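Notes follow the structure.
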Amino acid sequence: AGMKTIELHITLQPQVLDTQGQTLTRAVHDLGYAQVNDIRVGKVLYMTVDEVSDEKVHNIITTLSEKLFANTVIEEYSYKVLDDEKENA
């Protein structure tokens with residue numbers, strides 16, 4: 001998980017315990033999203049990520065989530081007008 005630009009209530013965490021609430025700098029560091037830090041909020045955060053790709057332009061909402069966070073087995077979550085719709089937490 002990490003800083004994302006969206007405003008919606010998501011369901012249970014993805015694969016790992018989303019540190020959205022607390023300091024992600026600790027957890028995110030393990031995931032590989034150092035581009036996000038100082039973000040401490042409940043199930044809802046608004047912010048962009050330092051990316052270059054076209055789709056990944058944002059943060060993880062792109063595909064990263066559906067790649068691991070979200071599973072085709074029972075993928076489901078809420079978000080705002082963003083890339084496609086694949087948040088983390």
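Please note that chains go A, B, ... in the order of the structure tokens, that every chain numbers its residues from 1, and that ligands are numbered from 1 in the order shown.
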Hey, what's within 10 Å of range 68-73 of chain A if we count only C-alpha atoms and toss same-chain stuff fewer than 6 positions away? As a compact mmCIF listing (two decimals) with N, CA and C atoms, in the first residue's frame, please?
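And here's out-v8.txt as it stands now:
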```
# COMPACT_ATOMS: atom_id res chain seq x y z
N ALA A 1 0.82 -1.20 0.00
CA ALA A 1 0.00 0.00 0.00
C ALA A 1 0.86 1.26 0.00
N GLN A 13 -8.10 -5.35 3.89
CA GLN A 13 -6.81 -5.12 3.27
C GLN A 13 -6.58 -6.10 2.11
N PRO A 14 -5.63 -5.77 1.23
CA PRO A 14 -5.30 -6.60 0.07
C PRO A 14 -4.61 -7.90 0.47
N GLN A 15 -3.29 -7.92 0.38
CA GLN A 15 -2.52 -9.11 0.73
C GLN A 15 -1.85 -8.94 2.09
N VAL A 16 -1.34 -7.74 2.35
CA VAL A 16 -0.68 -7.45 3.62
C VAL A 16 -1.41 -6.35 4.38
N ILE A 60 -0.16 2.78 -7.25
CA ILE A 60 -0.38 1.34 -7.35
C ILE A 60 -1.76 1.03 -7.92
N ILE A 61 -2.70 1.96 -7.72
CA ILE A 61 -4.06 1.79 -8.22
C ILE A 61 -4.05 1.29 -9.66
N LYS A 86 -7.87 -0.25 -8.92
CA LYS A 86 -7.15 -1.29 -8.21
C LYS A 86 -6.32 -0.70 -7.07
N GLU A 87 -6.99 -0.32 -5.99
CA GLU A 87 -6.32 0.26 -4.83
C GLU A 87 -5.57 -0.81 -4.04
N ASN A 88 -4.99 -0.41 -2.92
CA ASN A 88 -4.25 -1.34 -2.07
C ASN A 88 -5.06 -1.73 -0.84
N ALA A 89 -4.87 -0.99 0.25
CA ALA A 89 -5.59 -1.27 1.49
C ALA A 89 -7.00 -1.78 1.20
```
